[PDB]
>>> print(open('structure_16.pdb').read())   # PDB, C-alpha atoms and all ligand atoms
ATOM      1  CA  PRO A   1      39.647  -6.747 -65.098  1.00  0.00           C
ATOM      2  CA  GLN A   2      36.159  -6.307 -66.484  1.00  0.00           C
ATOM      3  CA  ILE A   3      34.657  -9.716 -67.146  1.00  0.00           C
ATOM      4  CA  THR A   4      31.741 -10.106 -69.518  1.00  0.00           C
ATOM      5  CA  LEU A   5      29.443 -13.078 -69.136  1.00  0.00           C
ATOM      6  CA  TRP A   6      29.071 -14.567 -72.608  1.00  0.00           C
ATOM      7  CA  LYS A   7      31.341 -17.355 -71.362  1.00  0.00           C
ATOM      8  CA  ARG A   8      31.654 -18.881 -67.892  1.00  0.00           C
ATOM      9  CA  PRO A   9      33.682 -16.555 -65.627  1.00  0.00           C
ATOM     10  CA  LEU A  10      36.362 -19.168 -64.995  1.00  0.00           C
ATOM     11  CA  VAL A  11      39.608 -18.071 -63.396  1.00  0.00           C
ATOM     12  CA  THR A  12      42.739 -19.726 -62.100  1.00  0.00           C
ATOM     13  CA  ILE A  13      43.035 -20.083 -58.359  1.00  0.00           C
ATOM     14  CA  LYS A  14      45.927 -21.255 -56.231  1.00  0.00           C
ATOM     15  CA  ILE A  15      45.286 -23.089 -53.021  1.00  0.00           C
ATOM     16  CA  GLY A  16      47.614 -25.371 -51.086  1.00  0.00           C
ATOM     17  CA  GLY A  17      50.222 -24.732 -53.780  1.00  0.00           C
ATOM     18  CA  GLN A  18      47.966 -26.267 -56.441  1.00  0.00           C
ATOM     19  CA  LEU A  19      46.569 -24.423 -59.443  1.00  0.00           C
ATOM     20  CA  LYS A  20      42.878 -25.048 -60.025  1.00  0.00           C
ATOM     21  CA  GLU A  21      40.051 -23.573 -62.058  1.00  0.00           C
ATOM     22  CA  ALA A  22      37.038 -21.970 -60.379  1.00  0.00           C
ATOM     23  CA  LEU A  23      33.914 -20.036 -61.334  1.00  0.00           C
ATOM     24  CA  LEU A  24      33.439 -16.485 -60.012  1.00  0.00           C
ATOM     25  CA  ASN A  25      29.991 -16.918 -58.519  1.00  0.00           C
ATOM     26  CA  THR A  26      27.809 -14.018 -57.338  1.00  0.00           C
ATOM     27  CA  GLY A  27      25.008 -16.500 -56.692  1.00  0.00           C
ATOM     28  CA  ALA A  28      27.031 -18.270 -54.009  1.00  0.00           C
ATOM     29  CA  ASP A  29      27.341 -17.026 -50.406  1.00  0.00           C
ATOM     30  CA  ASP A  30      30.226 -19.402 -49.851  1.00  0.00           C
ATOM     31  CA  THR A  31      33.287 -20.749 -51.630  1.00  0.00           C
ATOM     32  CA  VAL A  32      33.116 -24.457 -52.406  1.00  0.00           C
ATOM     33  CA  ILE A  33      36.001 -26.494 -53.817  1.00  0.00           C
ATOM     34  CA  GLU A  34      36.267 -30.148 -54.817  1.00  0.00           C
ATOM     35  CA  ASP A  35      37.815 -32.547 -52.356  1.00  0.00           C
ATOM     36  CA  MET A  36      41.397 -31.676 -51.554  1.00  0.00           C
ATOM     37  CA  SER A  37      43.686 -31.707 -48.553  1.00  0.00           C
ATOM     38  CA  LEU A  38      43.734 -28.497 -46.529  1.00  0.00           C
ATOM     39  CA  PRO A  39      45.687 -27.799 -43.329  1.00  0.00           C
ATOM     40  CA  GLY A  40      44.186 -27.441 -39.869  1.00  0.00           C
ATOM     41  CA  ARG A  41      40.872 -28.451 -38.396  1.00  0.00           C
ATOM     42  CA  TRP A  42      37.521 -28.307 -40.090  1.00  0.00           C
ATOM     43  CA  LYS A  43      34.003 -27.874 -38.796  1.00  0.00           C
ATOM     44  CA  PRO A  44      30.680 -29.122 -40.152  1.00  0.00           C
ATOM     45  CA  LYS A  45      28.444 -27.090 -42.450  1.00  0.00           C
ATOM     46  CA  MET A  46      25.247 -27.779 -44.336  1.00  0.00           C
ATOM     47  CA  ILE A  47      24.798 -25.828 -47.538  1.00  0.00           C
ATOM     48  CA  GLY A  48      21.704 -25.682 -49.724  1.00  0.00           C
ATOM     49  CA  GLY A  49      22.025 -25.763 -53.482  1.00  0.00           C
ATOM     50  CA  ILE A  50      19.632 -26.128 -56.372  1.00  0.00           C
ATOM     51  CA  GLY A  51      19.091 -29.833 -55.696  1.00  0.00           C
ATOM     52  CA  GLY A  52      18.936 -29.718 -51.902  1.00  0.00           C
ATOM     53  CA  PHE A  53      21.164 -29.601 -48.813  1.00  0.00           C
ATOM     54  CA  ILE A  54      24.544 -31.314 -48.455  1.00  0.00           C
ATOM     55  CA  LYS A  55      27.274 -31.681 -45.841  1.00  0.00           C
ATOM     56  CA  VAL A  56      30.674 -30.096 -46.476  1.00  0.00           C
ATOM     57  CA  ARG A  57      33.918 -29.515 -44.564  1.00  0.00           C
ATOM     58  CA  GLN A  58      34.423 -25.921 -43.458  1.00  0.00           C
ATOM     59  CA  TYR A  59      38.045 -24.779 -43.267  1.00  0.00           C
ATOM     60  CA  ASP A  60      38.584 -21.257 -41.939  1.00  0.00           C
ATOM     61  CA  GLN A  61      41.363 -18.776 -42.649  1.00  0.00           C
ATOM     62  CA  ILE A  62      42.734 -20.555 -45.738  1.00  0.00           C
ATOM     63  CA  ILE A  63      45.122 -18.695 -48.024  1.00  0.00           C
ATOM     64  CA  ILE A  64      43.955 -18.660 -51.632  1.00  0.00           C
ATOM     65  CA  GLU A  65      44.979 -16.726 -54.752  1.00  0.00           C
ATOM     66  CA  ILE A  66      42.119 -15.821 -57.037  1.00  0.00           C
ATOM     67  CA  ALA A  67      42.930 -14.530 -60.528  1.00  0.00           C
ATOM     68  CA  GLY A  68      46.108 -13.048 -59.069  1.00  0.00           C
ATOM     69  CA  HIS A  69      44.521 -11.530 -55.947  1.00  0.00           C
ATOM     70  CA  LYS A  70      45.273 -12.863 -52.458  1.00  0.00           C
ATOM     71  CA  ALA A  71      42.400 -13.754 -50.185  1.00  0.00           C
ATOM     72  CA  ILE A  72      42.407 -15.454 -46.793  1.00  0.00           C
ATOM     73  CA  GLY A  73      39.096 -16.923 -45.648  1.00  0.00           C
ATOM     74  CA  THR A  74      36.642 -19.772 -45.403  1.00  0.00           C
ATOM     75  CA  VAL A  75      36.769 -22.570 -47.946  1.00  0.00           C
ATOM     76  CA  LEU A  76      34.134 -25.318 -47.966  1.00  0.00           C
ATOM     77  CA  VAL A  77      35.228 -28.692 -49.292  1.00  0.00           C
ATOM     78  CA  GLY A  78      32.685 -31.078 -50.743  1.00  0.00           C
ATOM     79  CA  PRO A  79      30.968 -32.558 -53.835  1.00  0.00           C
ATOM     80  CA  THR A  80      30.346 -29.607 -56.135  1.00  0.00           C
ATOM     81  CA  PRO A  81      29.927 -29.847 -59.947  1.00  0.00           C
ATOM     82  CA  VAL A  82      32.505 -27.068 -60.432  1.00  0.00           C
ATOM     83  CA  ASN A  83      34.789 -25.171 -58.035  1.00  0.00           C
ATOM     84  CA  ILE A  84      33.034 -21.958 -57.068  1.00  0.00           C
ATOM     85  CA  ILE A  85      34.309 -18.692 -55.606  1.00  0.00           C
ATOM     86  CA  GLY A  86      31.477 -17.215 -53.544  1.00  0.00           C
ATOM     87  CA  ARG A  87      30.806 -13.782 -52.126  1.00  0.00           C
ATOM     88  CA  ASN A  88      32.868 -14.354 -48.980  1.00  0.00           C
ATOM     89  CA  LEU A  89      35.989 -14.217 -51.176  1.00  0.00           C
ATOM     90  CA  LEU A  90      34.695 -12.062 -54.048  1.00  0.00           C
ATOM     91  CA  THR A  91      34.435  -9.222 -51.521  1.00  0.00           C
ATOM     92  CA  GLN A  92      38.061  -9.770 -50.491  1.00  0.00           C
ATOM     93  CA  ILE A  93      39.266  -9.269 -54.065  1.00  0.00           C
ATOM     94  CA  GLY A  94      37.083  -6.174 -54.475  1.00  0.00           C
ATOM     95  CA  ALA A  95      34.637  -7.591 -57.001  1.00  0.00           C
ATOM     96  CA  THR A  96      31.427  -5.816 -57.954  1.00  0.00           C
ATOM     97  CA  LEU A  97      28.608  -6.396 -60.422  1.00  0.00           C
ATOM     98  CA  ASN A  98      28.075  -3.576 -62.883  1.00  0.00           C
ATOM     99  CA  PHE A  99      25.521  -2.690 -65.527  1.00  0.00           C
TER
ATOM    100  CA  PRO B   1      24.416   0.433 -61.008  1.00  0.00           C
ATOM    101  CA  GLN B   2      27.455  -0.824 -59.164  1.00  0.00           C
ATOM    102  CA  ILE B   3      26.476  -3.642 -56.857  1.00  0.00           C
ATOM    103  CA  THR B   4      28.782  -4.654 -54.022  1.00  0.00           C
ATOM    104  CA  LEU B   5      28.726  -8.226 -52.831  1.00  0.00           C
ATOM    105  CA  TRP B   6      28.527  -7.897 -49.036  1.00  0.00           C
ATOM    106  CA  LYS B   7      24.949  -9.190 -49.393  1.00  0.00           C
ATOM    107  CA  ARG B   8      23.144 -11.262 -51.997  1.00  0.00           C
ATOM    108  CA  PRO B   9      22.738  -9.262 -55.205  1.00  0.00           C
ATOM    109  CA  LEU B  10      18.956  -9.306 -55.292  1.00  0.00           C
ATOM    110  CA  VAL B  11      16.898  -7.283 -57.741  1.00  0.00           C
ATOM    111  CA  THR B  12      13.245  -6.970 -58.683  1.00  0.00           C
ATOM    112  CA  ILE B  13      12.229  -8.652 -61.923  1.00  0.00           C
ATOM    113  CA  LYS B  14       9.013  -8.707 -63.893  1.00  0.00           C
ATOM    114  CA  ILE B  15       8.096 -11.959 -65.612  1.00  0.00           C
ATOM    115  CA  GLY B  16       4.764 -13.231 -66.896  1.00  0.00           C
ATOM    116  CA  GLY B  17       3.122 -10.095 -65.526  1.00  0.00           C
ATOM    117  CA  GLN B  18       4.363 -10.853 -62.003  1.00  0.00           C
ATOM    118  CA  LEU B  19       6.938  -9.116 -59.794  1.00  0.00           C
ATOM    119  CA  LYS B  20       9.515 -11.353 -58.147  1.00  0.00           C
ATOM    120  CA  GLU B  21      12.817 -10.978 -56.327  1.00  0.00           C
ATOM    121  CA  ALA B  22      15.764 -12.657 -58.038  1.00  0.00           C
ATOM    122  CA  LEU B  23      19.470 -13.246 -57.511  1.00  0.00           C
ATOM    123  CA  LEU B  24      21.942 -11.961 -60.121  1.00  0.00           C
ATOM    124  CA  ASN B  25      23.940 -15.116 -60.703  1.00  0.00           C
ATOM    125  CA  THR B  26      27.213 -15.213 -62.629  1.00  0.00           C
ATOM    126  CA  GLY B  27      27.575 -18.881 -61.619  1.00  0.00           C
ATOM    127  CA  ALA B  28      24.539 -19.982 -63.631  1.00  0.00           C
ATOM    128  CA  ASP B  29      24.452 -20.544 -67.394  1.00  0.00           C
ATOM    129  CA  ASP B  30      20.665 -20.467 -67.395  1.00  0.00           C
ATOM    130  CA  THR B  31      17.965 -18.389 -65.700  1.00  0.00           C
ATOM    131  CA  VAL B  32      15.803 -20.477 -63.312  1.00  0.00           C
ATOM    132  CA  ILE B  33      12.562 -19.208 -61.785  1.00  0.00           C
ATOM    133  CA  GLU B  34      10.407 -20.837 -59.084  1.00  0.00           C
ATOM    134  CA  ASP B  35       7.480 -22.759 -60.566  1.00  0.00           C
ATOM    135  CA  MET B  36       4.920 -20.581 -62.325  1.00  0.00           C
ATOM    136  CA  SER B  37       2.909 -20.586 -65.534  1.00  0.00           C
ATOM    137  CA  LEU B  38       4.339 -19.044 -68.704  1.00  0.00           C
ATOM    138  CA  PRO B  39       2.728 -18.825 -72.155  1.00  0.00           C
ATOM    139  CA  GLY B  40       3.780 -20.904 -75.148  1.00  0.00           C
ATOM    140  CA  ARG B  41       5.571 -24.193 -75.733  1.00  0.00           C
ATOM    141  CA  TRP B  42       8.094 -25.786 -73.386  1.00  0.00           C
ATOM    142  CA  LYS B  43      10.241 -28.877 -73.127  1.00  0.00           C
ATOM    143  CA  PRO B  44      11.661 -30.685 -70.110  1.00  0.00           C
ATOM    144  CA  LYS B  45      15.262 -30.264 -68.951  1.00  0.00           C
ATOM    145  CA  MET B  46      17.429 -31.482 -66.079  1.00  0.00           C
ATOM    146  CA  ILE B  47      19.779 -29.026 -64.368  1.00  0.00           C
ATOM    147  CA  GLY B  48      22.286 -29.903 -61.700  1.00  0.00           C
ATOM    148  CA  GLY B  49      24.265 -28.181 -58.995  1.00  0.00           C
ATOM    149  CA  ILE B  50      24.991 -28.590 -55.315  1.00  0.00           C
ATOM    150  CA  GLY B  51      22.505 -31.140 -54.009  1.00  0.00           C
ATOM    151  CA  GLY B  52      22.063 -32.784 -57.411  1.00  0.00           C
ATOM    152  CA  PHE B  53      19.530 -32.291 -60.203  1.00  0.00           C
ATOM    153  CA  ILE B  54      16.038 -30.925 -60.566  1.00  0.00           C
ATOM    154  CA  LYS B  55      13.624 -31.243 -63.475  1.00  0.00           C
ATOM    155  CA  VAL B  56      12.506 -27.960 -65.003  1.00  0.00           C
ATOM    156  CA  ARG B  57      10.458 -26.703 -67.925  1.00  0.00           C
ATOM    157  CA  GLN B  58      12.323 -24.775 -70.599  1.00  0.00           C
ATOM    158  CA  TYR B  59      10.459 -21.859 -72.168  1.00  0.00           C
ATOM    159  CA  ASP B  60      12.148 -19.994 -75.015  1.00  0.00           C
ATOM    160  CA  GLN B  61      11.776 -16.338 -76.076  1.00  0.00           C
ATOM    161  CA  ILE B  62      10.478 -15.113 -72.719  1.00  0.00           C
ATOM    162  CA  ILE B  63      10.701 -11.395 -71.916  1.00  0.00           C
ATOM    163  CA  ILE B  64      11.887 -10.413 -68.432  1.00  0.00           C
ATOM    164  CA  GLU B  65      12.434  -6.954 -66.986  1.00  0.00           C
ATOM    165  CA  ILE B  66      15.513  -7.072 -64.771  1.00  0.00           C
ATOM    166  CA  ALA B  67      15.879  -4.074 -62.459  1.00  0.00           C
ATOM    167  CA  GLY B  68      14.211  -1.920 -65.107  1.00  0.00           C
ATOM    168  CA  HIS B  69      16.012  -3.434 -68.104  1.00  0.00           C
ATOM    169  CA  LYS B  70      14.085  -5.610 -70.557  1.00  0.00           C
ATOM    170  CA  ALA B  71      15.776  -8.742 -71.871  1.00  0.00           C
ATOM    171  CA  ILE B  72      14.555 -11.755 -73.820  1.00  0.00           C
ATOM    172  CA  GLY B  73      15.744 -15.340 -73.731  1.00  0.00           C
ATOM    173  CA  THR B  74      15.217 -18.828 -72.372  1.00  0.00           C
ATOM    174  CA  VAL B  75      13.752 -19.194 -68.891  1.00  0.00           C
ATOM    175  CA  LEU B  76      13.733 -22.429 -66.927  1.00  0.00           C
ATOM    176  CA  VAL B  77      10.874 -22.959 -64.480  1.00  0.00           C
ATOM    177  CA  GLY B  78      10.783 -25.454 -61.620  1.00  0.00           C
ATOM    178  CA  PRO B  79      11.492 -26.211 -57.960  1.00  0.00           C
ATOM    179  CA  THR B  80      14.476 -23.936 -57.424  1.00  0.00           C
ATOM    180  CA  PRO B  81      14.791 -22.616 -53.863  1.00  0.00           C
ATOM    181  CA  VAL B  82      15.745 -19.142 -55.192  1.00  0.00           C
ATOM    182  CA  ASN B  83      14.950 -17.182 -58.369  1.00  0.00           C
ATOM    183  CA  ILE B  84      18.156 -17.010 -60.412  1.00  0.00           C
ATOM    184  CA  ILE B  85      19.041 -14.670 -63.254  1.00  0.00           C
ATOM    185  CA  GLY B  86      21.782 -16.475 -65.146  1.00  0.00           C
ATOM    186  CA  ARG B  87      24.364 -15.389 -67.694  1.00  0.00           C
ATOM    187  CA  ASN B  88      21.994 -15.863 -70.652  1.00  0.00           C
ATOM    188  CA  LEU B  89      20.065 -12.795 -69.515  1.00  0.00           C
ATOM    189  CA  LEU B  90      22.820 -10.971 -67.611  1.00  0.00           C
ATOM    190  CA  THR B  91      24.679 -10.474 -70.920  1.00  0.00           C
ATOM    191  CA  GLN B  92      21.627  -8.804 -72.412  1.00  0.00           C
ATOM    192  CA  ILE B  93      21.622  -6.015 -69.829  1.00  0.00           C
ATOM    193  CA  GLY B  94      25.387  -5.566 -70.175  1.00  0.00           C
ATOM    194  CA  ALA B  95      26.302  -6.917 -66.745  1.00  0.00           C
ATOM    195  CA  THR B  96      29.992  -7.365 -65.954  1.00  0.00           C
ATOM    196  CA  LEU B  97      32.088  -8.529 -63.000  1.00  0.00           C
ATOM    197  CA  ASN B  98      34.763  -5.974 -62.116  1.00  0.00           C
ATOM    198  CA  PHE B  99      37.770  -6.064 -59.804  1.00  0.00           C
TER
HETATM  199  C1  LIG C 101      26.639 -24.600 -58.396  1.00  0.00           C
HETATM  200  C2  LIG C 101      26.803 -23.679 -59.603  1.00  0.00           C
HETATM  201  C3  LIG C 101      27.811 -24.316 -60.538  1.00  0.00           C
HETATM  202  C4  LIG C 101      25.482 -23.538 -60.407  1.00  0.00           C
HETATM  203  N1  LIG C 101      24.353 -22.979 -59.671  1.00  0.00           N
HETATM  204  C5  LIG C 101      24.270 -21.525 -59.427  1.00  0.00           C
HETATM  205  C6  LIG C 101      24.829 -21.219 -58.031  1.00  0.00           C
HETATM  206  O1  LIG C 101      25.256 -19.895 -57.990  1.00  0.00           O
HETATM  207  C7  LIG C 101      23.803 -21.476 -56.925  1.00  0.00           C
HETATM  208  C8  LIG C 101      22.556 -20.602 -56.993  1.00  0.00           C
HETATM  209  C9  LIG C 101      21.646 -21.021 -55.819  1.00  0.00           C
HETATM  210  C10 LIG C 101      21.570 -20.051 -54.825  1.00  0.00           C
HETATM  211  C11 LIG C 101      20.806 -20.266 -53.678  1.00  0.00           C
HETATM  212  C12 LIG C 101      20.109 -21.456 -53.526  1.00  0.00           C
HETATM  213  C13 LIG C 101      20.186 -22.427 -54.527  1.00  0.00           C
HETATM  214  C14 LIG C 101      20.947 -22.211 -55.671  1.00  0.00           C
HETATM  215  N2  LIG C 101      24.446 -21.160 -55.698  1.00  0.00           N
HETATM  216  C15 LIG C 101      24.959 -22.160 -54.804  1.00  0.00           C
HETATM  217  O2  LIG C 101      24.816 -23.363 -54.979  1.00  0.00           O
HETATM  218  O3  LIG C 101      25.660 -21.626 -53.683  1.00  0.00           O
HETATM  219  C16 LIG C 101      25.935 -22.456 -52.614  1.00  0.00           C
HETATM  220  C17 LIG C 101      27.281 -22.086 -52.139  1.00  0.00           C
HETATM  221  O4  LIG C 101      27.093 -20.982 -51.457  1.00  0.00           O
HETATM  222  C18 LIG C 101      25.654 -21.132 -50.789  1.00  0.00           C
HETATM  223  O5  LIG C 101      24.907 -19.814 -50.986  1.00  0.00           O
HETATM  224  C19 LIG C 101      23.800 -20.130 -51.939  1.00  0.00           C
HETATM  225  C20 LIG C 101      23.636 -21.393 -51.863  1.00  0.00           C
HETATM  226  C21 LIG C 101      25.041 -22.036 -51.403  1.00  0.00           C
HETATM  227  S1  LIG C 101      22.903 -23.846 -59.771  1.00  0.00           S
HETATM  228  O6  LIG C 101      21.855 -23.179 -59.070  1.00  0.00           O
HETATM  229  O7  LIG C 101      23.087 -25.125 -59.177  1.00  0.00           O
HETATM  230  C22 LIG C 101      22.439 -24.029 -61.510  1.00  0.00           C
HETATM  231  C23 LIG C 101      22.802 -25.200 -62.159  1.00  0.00           C
HETATM  232  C24 LIG C 101      22.467 -25.373 -63.492  1.00  0.00           C
HETATM  233  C25 LIG C 101      21.767 -24.375 -64.157  1.00  0.00           C
HETATM  234  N3  LIG C 101      21.430 -24.570 -65.533  1.00  0.00           N
HETATM  235  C26 LIG C 101      21.403 -23.202 -63.510  1.00  0.00           C
HETATM  236  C27 LIG C 101      21.740 -23.028 -62.165  1.00  0.00           C
END
>>> encode(input="structure_16.pdb", output="structure tokens")
Amino acid sequence: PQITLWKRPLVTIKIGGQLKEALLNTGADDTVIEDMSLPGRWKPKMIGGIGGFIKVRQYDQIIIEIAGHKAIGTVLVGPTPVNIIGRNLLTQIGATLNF
Amino acid sequence: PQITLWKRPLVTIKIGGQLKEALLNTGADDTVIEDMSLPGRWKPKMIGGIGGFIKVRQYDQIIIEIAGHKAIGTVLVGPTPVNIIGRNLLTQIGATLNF
């Protein structure tokens, strides 16, 4: 699709069998989702947002559907205001910015 | 332009007579620029994301040139770690997400 930006670019994602909502986020390097159970091991990561740096759980090679497109990659789990799909997965679904 | 998302989508902006580098940010309602002086009235605002909230100054009816395109709207100014062009100005230059 072509998504205009008058409203938040919210899409449905599917991860661990659960449907969730997430923001398509060109301003994020990484994908960050609210606390949920994911399979496998995780590793530590510090990410820096508008308010400062926080600790999150980094899960690699996680299967996730984004607006109907399958991606498999890194998902960070931690205290974010809204679920965000960052560039690591936007590239997998072939997303570009256009004007 | 068509901007791929392998790297941060950074562009050159002109604001308050100054050139700055800024991130094109579909994940941000508002545009937020590192602290600087702007002309006219302002009022305080709190904005929150990863890491919590920061206090900013809200200036309305500010003209910015974004990668050669002039837009006008509200600009928030404060201690953001990165200059962010949010949806309020991205709409004005006709920016879309496409996949
Ligand atoms: C968290 C989003 C809901 C909102 N944010 C925009 C977001 O794109 C920021 C924009 C941003 C970008 C860089 C630094 C600080 C903030 N990116 C971000 O937090 O990304 C994190 C996840 O991937 C990492 O790569 C960048 C930082 C990490 S935000 O900066 O916090 C924000 C919040 C409120 C307003 N009004 C305007 C902006």
>>> resolve_selection(input="structure_16.pdb", expression="the PyMOL selection byres (((not hetatm)) within 7 of (chain C and resi 101))", output="MDAnalysis selection string")
(chainID A and resid 25:32 47:50 80:82 84 86) or (chainID B and resid 25:32 47:50 80:82 84 86)
>>> interface_residues(input="structure_16.pdb", of="chain B", to="chain A", cutoff="7 Å", atoms="all atoms listed in the file", output="PyMOL selection string")
chain B and resi 1-6+23-27+48-54+80-81+87+91+93-99
>>> residues_around(input="structure_16.pdb", residues="stretch 13-18 of chain B", least_positions_apart="5", cutoff="10 Å", atoms="all atoms listed in the file", output="list in words")
residues 23, 33, 36, 37, 38, 39, 62, 63, 64, 65, 66, 67, 68, 69, 70, 75, 83 and 85 of chain B
>>> atom_distance(input="structure_16.pdb", atom1="atom CA of residue A:45", atom2="atom CA of residue B:77")
28.5 Å
>>> atom_distance(input="structure_16.pdb", atom1="atom CA of residue A:21", atom2="atom CA of residue B:11")
28.6 Å
>>> axis_aligned_box(input="structure_16.pdb", around="stretch 11-30 of chain A", padding_each_side="5 Å", output="JSON")
{"center_x": 37.6, "center_y": -20.1, "center_z": -56.6, "size_x": 35.2, "size_y": 22.2, "size_z": 23.5}
>>> atom_distance(input="structure_16.pdb", atom1="atom CA of residue A:19", atom2="atom CA of residue A:71")
14.7 Å
